[PDB]
């Protein structure tokens, strides 16, 4: 006699993401060597961590600038990988293919002004719960924030913290909801000296614990 | 952290700086071999078809990720819905060979044919962009995984096995008009 | 022995008609620090003290099933309430004392329960409210009910403006009875203390 | 050559309750931690044992009361999880999903009267075999019974014993039969003093050896 | 036993009190993971459907038991009878994604498709009741197990794997008019 088997209903169909392998038909193929080929990356986030890309502000400029020396809200944007200001970044490029994330997102600020121009800036993380963002450094001071001088070192990095009710947040956005909008980031200029035409270039990268979760194919094809 | 921005040395500041605490991260999903390891469609088909991963959609999960690299290497799996028998020939074979059974030929068996194919190009790695010519823009003709032929090819799916990517390149999200966010319908229970 | 003194901060409450304390669903609190707050949460002990609310007047006319509820947190005019306005996220448990003073010559019985995720109960579901952390207040035996519950929900931290996990519920099980020697009605009051108060996400000032 | 197999007729179909698992298609998913989440229950009977729910008497009252100080049958009900008086209890809620049971069912009696009201009650288990239940404590005394005073302690618990010919009984009822009606429970008041408007609240829970047997889906859907 | 009822401390008296003897109990059937581990129907279907266990019938074996808990967690298995191919996307995905093969897509194979899916919500546990809003009654949109889409979905069956229930809530039997018993036709041999 032979082995009895029950060909089971509901099993067997092809699933584009299944964990099995096909049957081979052309054996004994040896490839040209590619040992130590340069620039290899094995995880998208290793790249997203080390290579910050630029934010997009008014008229598509990767920077902000103000002609007045008074306090001003230079820019505000939503803490969403779906944000308009993030739309040209590599981080957002990667994130559109995952349903959820959690973790630190790092902002980088680089001053490009002349030796004779000085400024003092502030960056704040405004969590959800307030109707609109603070329009002044005074009101925003009560939030998690950092202030800095322009000097010998042109770059300043700040971590936007992951603070939410759920353990993960959606990468996409839909309408003002708790799972898809995690507050705002506000960048202010406290004041400046002779920096009317000088700019602050802003870029973003992934933090030490930034994480993307569930693979998706949502682009219109 | 404050650093000299011009050097371009990587700077990864942390929540600790202002009293926070870093949180454990699992990144299996973003792993290159894993994320490329899935079936994706090829749209422009003909009864005689040369397998070219650049035929993948530019905004597709695999298509876009593949484009976001300069050089790559991988083995392959294909799923073909065809009428008549399917013949595959390796990179470099004369188109005329697709007519002969001596080459790997799969006899029709519903609903389709799933095969495992080896990387067969003469180069150590392939490219998604090539600045120059291969003849004495498009990519050189040698950047392919062989060709397949049947009476009619209704569907083709490709799957990258053991993928290796090198030299990353720009990867874009859809552009945003609103100036606040890109909003779209996220799945939610009915009623 | 039936004498109990409860302390929360700089506030105390002593009862000589205590039936003991009922712990609901747990005797402790889960990690108050998880990945969702990235280490930025902090504890505010100045909010962990008693505040008061009158629940209702237990009268002879109220029949079985008569139900009164108080969703928590409620409007708090003190430190705890300011927290709700100053921080995007909070979490805390509850130490609840409910009193119903009449006299030993009154009859009847009230059910005091703490309910997670309140939703209106149908008349038939009321026969099963004992599935929730509870005690009874029956004049012949006690004037006080005391329940202690931990924080819970699908989220490790909450936005109380938008969600109220716990709801205090008082229900008539057997109507108040009165005689020449008893009281005529019984006013029911709650003595509540938020426990293990943690906040995260400081908000900007409104001006 | 390859392995010969006999695809067997009569096997392979999907059975809604089969003991096998489906084939996976989306791997590597790590969940948010939920260690020590409160109020977990792993067996329905742990809950049914610790949380008694109320019986339902005339006009849907979870209690009985009598205005006369004489002996009276305050209430009688069928020892059936299908009984009218049990219809709002959690025990019956659970039992409707099992074909059979066996074991102890516990009744709880709580007096809510004033300090100046006293009473003496009796509860009896009347097994099948008599045409109708005893209408008086005297006749019911010959059964398994318990009597009690109202005093410092307001609650009295009594176990309705499982006594039947078969080892299991049906949870549902059909018509007077040996497998679906296991007798009555009769609650009497022997007498009372000044307890005219005072009540006896009754609730029920599962006993140490209470057991439910065979999973069913009998509700109209 | 005599006890102070008001405290509400559990009291489990025994047959021994009046000379009886407690009898050994086997409770495997009432075990939560076991009892929830079976296929149950979902009634309101559409070609695009978001998996929501609250779609289970309120008086069904699983439907009612699930409702009799405040919080729950579990993995899942589904059986779908569909026309065309079936695509599933995880919790949080844009509805637009159901149109692409890159997401788990199952090619039709009679008589239906049976799959094993992981819990994908962003919360540590889910709820059957939620007192409040998720937007800046119904349950929050994030309480789901993803969505499925095919040309036509004729049948859906769901099965809860590794189920965990917390915080029990009322569970009701049918109400009884008679005042003696609820009587119904119990199965019995013909003739």
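Residue numbering begins at 1 within each chain, and the chains themselves are lettered A, B, C, D and E in the order written.
Note that in this section contacts are C-beta pairs under 8 Å (C-beta built on N, C-alpha and C of every residue); 3 or more make two chains touch, one makes a residue touch a chain.
Engineer: Among the chain pairs B-D, A-E or A-B, which one reproduces the interface of D-E, with more than half of its contact pairs identical by residue number?
Structural biologist: Same contacts by residue number as D-E, out of B-D, A-E or A-B: A-B.
Engineer: Sort out for me whether B-D or C-D is joined by the greater number of C-beta contact pairs.
Structural biologist: More contacting C-beta pairs are found at C-D.
Engineer: Measuring centre to centre with C-alpha atoms, which chain is farthest from chain D?
Structural biologist: B
Engineer: Centre of all protein Cα atoms: which chain's centre is nearest to it?
Structural biologist: Ranked by how close its C-alpha centre lies to the overall one, first comes E.
Engineer: Where the CA atoms of chain A average out and where those of chain E average out, how many Å apart are those spots?
Structural biologist: 37
Engineer: For chain A and chain B, what's the span in angstrom between their mean Cα positions?
Structural biologist: Comparing mean C-alpha positions, chain B is 24 Å from chain A.
Engineer: Give, as an integer number of Å, the spacing between the C-alpha centres of chain C and chain B.
Structural biologist: One centre to the other, that is 58 Å.
Engineer: Round to the nearest whole Å and give the separation of the Cα centres of chain A and chain C.
Structural biologist: It comes to 43 Å between the two C-alpha centres.
Engineer: Multi-chain contacts only, two chains or more: what residues does chain E have there?
Structural biologist: 4-6, 70-71, 79, 89-94, 96, 100-102, 104-109, 112, 114-115, 120, 122-125, 134, 141, 143, 166-168, 170-172, 175
Engineer: Pull out every residue in chain A that's touching 2 or more other chains.
Structural biologist: 9-11, 14-17, 102, 104, 128, 144, 161-162, 166-168, 170, 172, 175, 178, 181, 214-217, 219-221
Engineer: Considering chain C alone, which of its residues make contact with at least two other chains?
Structural biologist: Counting only residues that touch two or more other chains, chain C contributes 25, 34-35, 38, 40, 116, 124, 127-128, 130-131, 136, 138, 141, 152, 154-156, 162.
Engineer: Indicate which of the five shapes (line, ring, star, complete, other) describes how the chains touch one another.
Structural biologist: complete
Engineer: Which pairs of chains touch each other in this structure?
Structural biologist: Here the touching pairs of chains are A-B, A-C, A-D, A-E, B-C, B-D, B-E, C-D, C-E, D-E.
Engineer: For chain E, which residues count as touching chain A in their complex?
Structural biologist: Contact set of chain E toward chain A: 79, 89-94, 96-97, 99-109, 111-115, 120, 122-124, 134-136, 140-142.
Engineer: Going by the contact rule at the top, pick out the chain B residues touching chain E in the complex.
Structural biologist: Those residues of chain B that touch chain E are 38-41, 60-62, 111-112, 157, 184-191.
Engineer: Touching residues of chain D toward chain E in the complex: what are they?
Structural biologist: So the residues of chain D in touch with chain E come to 14, 16-17, 21-26, 29, 31-34, 37-45, 47, 49-51, 77-78, 80-84, 86-90, 92-98, 102-104, 106, 108, 110, 144, 146, 148, 152-159, 161-162, 170, 172-175, 180-181, 205, 207-217, 219-221.
Engineer: Considering the complex alone, what residue numbers of chain D touch chain A?
Structural biologist: Interface residues on chain D, with respect to chain A: 3-8, 11-14, 20, 22-27, 29, 32-33.
Engineer: Chain D touches which residues of chain A in the complex?
Structural biologist: 1-11, 15, 17-19, 166-168, 214
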